[PDB]
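2 protein chains.
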Amino acid sequence: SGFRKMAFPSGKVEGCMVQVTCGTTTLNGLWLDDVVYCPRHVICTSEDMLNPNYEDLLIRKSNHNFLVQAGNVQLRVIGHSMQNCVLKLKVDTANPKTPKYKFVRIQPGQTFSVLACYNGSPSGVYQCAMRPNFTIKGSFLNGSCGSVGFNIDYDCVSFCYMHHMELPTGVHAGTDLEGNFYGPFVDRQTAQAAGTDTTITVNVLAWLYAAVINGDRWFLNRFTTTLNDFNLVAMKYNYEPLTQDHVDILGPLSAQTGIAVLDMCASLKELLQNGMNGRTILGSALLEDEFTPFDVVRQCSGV
Amino acid sequence: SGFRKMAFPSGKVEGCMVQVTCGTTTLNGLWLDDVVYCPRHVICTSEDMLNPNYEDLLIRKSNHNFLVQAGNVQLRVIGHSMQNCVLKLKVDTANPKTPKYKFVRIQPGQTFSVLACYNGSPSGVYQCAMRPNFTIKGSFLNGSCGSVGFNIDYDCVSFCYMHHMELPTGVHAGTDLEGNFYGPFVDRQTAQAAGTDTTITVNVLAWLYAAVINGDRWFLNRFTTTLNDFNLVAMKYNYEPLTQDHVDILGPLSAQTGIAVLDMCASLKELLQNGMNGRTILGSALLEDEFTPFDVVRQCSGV
Ligand SMILES: CNC(=O)[C@@H](Cc1ccc(Cl)cc1)N(C)C(=O)C[C@H]1CCCN1C(=O)c1cncc2ccccc12
Ligand SMILES: CNC(=O)[C@@H](Cc1ccc(Cl)cc1)N(C)C(=O)C[C@H]1CCCN1C(=O)c1cncc2ccccc12
């Protein structure tokens, strides 16, 4: 029993984290085989972070300008390349701790574990979701750039996020490991701001199924709704549309609890219209949207 | 910016986890130097879990009855000992991945990271608090026994919890690594139940300081209170008494925000008497009590 924000064990990623220093700037890099991946903004001075030309800044650098440290061990840079918003530093040593890995780009509404790192040293691990507006509600301070987000499938680390920057509302923006930003954000100081966000409806429904599996049933009702009528309510409360594909993804949790998806939709409609009336679900007084159907199945009992 | 339930990186503990099998029962063990620590209830059949005599059950066992596996590698048991509610299995191989470690017992209100394990394989990491009633609101299924709780200070793993059992309300009970239960619980099937619980007042105040550091200020007021008058309100709402020692522990967060502790106590009194009026603090619609002052300083900006 119980239900927590549960990260993947971080060991396989801790062994890949390094310190990257260029001039006065230090941040984190990801060391896989003989390549160190880090945010390209490591090559910026400070005054030129308003409108940098990164192609001009990189051509002015040589391998010796980059200091890479795996704990105490110095990794000599033998090549440098820009790929979109990431730097690829070829090093003389293949990481002996390189896990089986993939670079995957995630969808808004998908979750991942973040290993927050400072000076190439892991400090903590937490769960995050990619918001519909392509921001993440992370926990990051000065020096956290190059911290990575990941999922683990069997022995294989699927890297999905590298941390680049903070937006004015205190939410975070970054790239996939191919250096392509999530969302309409750029790696320079502008007036850029998080767009309007919505609540991830399929995740709220997954979390109500987690609650039922864990014995919170007070929000259940005899009523059902149509998908169309539910989506009218979703639109009114700034919730994402629910698709038939979402209804199918909730099939296993529906089967396990014996609560039809459209019956659970009727419960969510009542929670949106009425609130909780001072009650809680899985120790929350609000409708939680950062657990996927996968996260619920991963963590919850099979009975 | 931001504020998450942040666990310690789990790598140092992942390398210590093993599978322990005795007859038909499999659970997890902790492999440090040449000793594997696990719950003594691994030696129970099933019928005799109502009123086991563990001294009688253990004297009937030999080293060959215990199968210990570190992944694929078989660890031959060369000795067995009972220490309170834990079994100490001496093995022929010292764990080459043994971190610097201590066995520490924690206080109610203290937090720790849990590495949830099944069949000696880590599945996930999350933050927990020791409740005032000496239960933990964990997330554990069949086979999770021997999962451990820990804190990390520099390079040193402070092990504080081993998982033994679930109580009827779905909360969890276990021991320190010397095998001494937290709270009035026993490792056998009885009618035992979690005692009445209270809210950890010093942690709620730490979390309000985290909110102010992160720019949630709506709950602040010009008012102050006395420690005595606050503690009358605390008693009414089933909150733990606040001591002068707690006020001193909140000194650094008070200094950083410029909000006197007794001013923050006046804010908490108003939140208890009025509620939030449909507003949120650090993305919660309730008063969070599983962040210590240490957790807030560990995670939050120093400015
Ligand atoms: C409100 N912040 C901003 O608007 C933007 C502006 C900007 C955008 C893109 C670039 Cl490339 C540079 C500047 N700023 C200042 C950052 O993102 C700081 C980032 C990028 C440069 C290092 N850096 C960080 O170490 C950093 C990362 N995570 C959270 C933080 C919280 C506190 C302090 C620093 C951080
Ligand atoms: C409601 N549960 C109970 O009352 C008690 C009774 C009891 C107390 C002490 C002992 Cl030594 C044995 C039985 N039970 C059945 C457990 O704690 C199960 C524990 C102890 C024996 C294995 N075990 C688990 O693998 C287990 C652990 N964590 C959460 C679980 C959730 C689901 C299933 C199993 C677990």
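Residue numbers (the working numbering), protein chains in the order written: chain A, 430 to 732; chain B, 430 to 732. We treat Cβ as the ideally placed atom computed from N, Cα and C, and that holds for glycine.
Option nearest residue i by Cα separation, candidates the options
{"i": "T450/A", "options": "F437/A, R469/A, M435/A and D463/A", "result": "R469/A"}
{"i": "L461/A", "options": "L486/A, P525/A and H493/A", "result": "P525/A"}
{"i": "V543/A", "options": "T655/A, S573/A and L479/A", "result": "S573/A"}
{"i": "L679/B", "options": "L691/B, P670/B and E669/B", "result": "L691/B"}
{"i": "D724/A", "options": "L697/A, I581/A and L479/A", "result": "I581/A"}
{"i": "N492/A", "options": "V502/A, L486/A and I507/A", "result": "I507/A"}
{"i": "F495/A", "options": "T454/A, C694/A and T672/A", "result": "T454/A"}
{"i": "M693/A", "options": "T655/A, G712/A and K665/A", "result": "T655/A"}
{"i": "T619/A", "options": "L701/A, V471/A and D477/A", "result": "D477/A"}
{"i": "residue 741/B", "options": "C557/B, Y583/B and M511/B", "result": "The question about residue 741/B has no answer, for chain B in this structure spans 430 to 732."}
{"i": "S475/A", "options": "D674/A, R617/A and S713/A", "result": "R617/A"}
{"i": "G624/B", "options": "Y638/B, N609/B, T598/B and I642/B", "result": "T598/B"}
{"i": "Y530/A", "options": "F432/A, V442/A and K698/A", "result": "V442/A"}
{"i": "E484/B", "options": "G687/B, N501/B and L516/B", "result": "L516/B"}
{"i": "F652/A", "options": "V554/A, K698/A, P681/A and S683/A", "result": "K698/A"}
{"i": "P551/A", "options": "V615/B, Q556/B, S439/B and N513/B", "result": "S439/B"}
Cβ-heavy atom distance, residue i to ligand 4, below 7 Å
{"i": "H470/B", "result": "Inclusion of ligand 4 in the displayed structure is not the case, the ligand content consisting of ligand 1 and ligand 2 alone."}
Residues near residue i by beta carbon distance below 6 Å, same chain, minus five either side
{"i": "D718/B", "result": "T628, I629, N632 and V633"}
{"i": "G603/A", "result": "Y590, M591, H592 and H593"}
{"i": "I710/B", "result": "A640 and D645"}
{"i": "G444/A", "result": "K526"}
{"i": "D626/B", "result": "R560, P561 and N562"}
{"i": "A523/B", "result": "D462 and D463"}
{"i": "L637/B", "result": "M693"}
{"i": "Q539/A", "result": "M559"}
{"i": "residue 737/B", "result": "Given that chain B is displayed from residue 430 to residue 732, the structure contains no residue 737/B and the question cannot be resolved."}
Any non-hydrogen atom of ligand 2 closer than 7 Å to residue i Cβ
{"i": "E699/B", "result": "no"}
{"i": "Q512/A", "result": "no"}
{"i": "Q618/B", "result": "yes"}
{"i": "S475/B", "result": "no"}
{"i": "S430/A", "result": "yes"}
{"i": "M435/A", "result": "no"}
{"i": "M478/B", "result": "yes"}
First and last residue of the uninterrupted alpha helix (DSSP H) at residue i
{"i": "residue 737/B", "result": "This structure does not reach residue 737/B, given that chain B is present from 430 up to 732, and the question cannot be answered."}
{"i": "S683/B", "result": "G680 to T686"}
{"i": "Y483/B", "result": "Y483 to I488"}
{"i": "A635/B", "result": "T630 to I642"}
{"i": "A623/A", "result": "Careful: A623/A lies outside any alpha helix (DSSP H) and carries neither H nor E."}
{"i": "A695/A", "result": "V690 to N703"}
Cβ shell of residue i (< 8 Å), same chain only, five flanking positions each side left out
{"i": "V447/A", "result": "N457, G458, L459, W460, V465, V497, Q498, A499, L504 and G549"}
{"i": "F569/B", "result": "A545, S576, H592, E595 and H601"}
{"i": "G731/A", "result": "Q685"}
{"i": "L671/A", "result": "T630, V631, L634, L656, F659, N660, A663 and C694"}
{"i": "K490/A", "result": "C451, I472 and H509"}
{"i": "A622/A", "result": "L596, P597 and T598"}
Ligand 1 heavy atom lying under 7 Å from the CB of residue i
{"i": "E595/B", "result": "no"}
{"i": "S439/A", "result": "no"}
{"i": "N571/A", "result": "yes"}
{"i": "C451/A", "result": "no"}
{"i": "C574/A", "result": "yes"}
Boundaries (first-last residue) of the beta strand (DSSP E) holding residue i
{"i": "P468/A", "result": "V464 to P468"}
{"i": "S552/B", "result": "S550 to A558"}
{"i": "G603/A", "result": "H601 to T604"}
{"i": "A714/A", "result": "That residue, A714/A, is in no beta strand (DSSP E); it is neither H nor E in DSSP."}
{"i": "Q448/A", "result": "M446 to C451"}
{"i": "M511/B", "result": "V506 to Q512"}
{"i": "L544/B", "result": "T540 to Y547"}
{"i": "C585/A", "result": "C585 to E595"}
Same chain, Cβ closer than 7 Å to residue i, five either side skipped, listed in chain order
{"i": "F532/B", "result": "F588, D605, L606 and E607"}
{"i": "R708/A", "result": "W647"}
{"i": "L701/B", "result": "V662 and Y666"}
{"i": "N650/A", "result": "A695, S696 and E699"}
Cross-chain neighbours of residue i in chain E, by beta carbon under 8 Å
{"i": "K665/B", "result": "You won't find chain E in this structure, because its protein chains are A and B."}
Residues of the stretch 457-477 of chain A with Cβ closer than 8 Å to any Cβ of chain B, in chain order: none
Give, in chain order, every residue of the stretch 604-635 of chain B whose Cβ lies closer than 7 Å to some Cβ of chain A. Contact annotation: in the stretch 604-635 of chain B, no residue has its CB less than 7 Å from a CB in chain A.
Got a sec: which bits of the stretch 675-692 of chain A sit with their beta carbon under 7 Å from any beta carbon on chain B, in order along the chain? Here the close residues number zero.
Any C-beta of chain B within less than 9 Å: which residues of the stretch 573-590 of chain A qualify? none
Contact list for the stretch 495-522 of chain B against chain A, Cβ threshold 9 Å: The stretch 495-522 of chain B vs chain A, Cβ under 9 Å: nothing.
Using a Cβ-Cβ cut-off of less than 9 Å, give me the residues of the stretch 641-655 of chain B that come near chain A, in sequence order. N643 and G644
What are the residues in the stretch 548-575 of chain B lying within 7 Å of chain A by C-beta distance? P551, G553, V554, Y555, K566, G567, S568, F569 and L570
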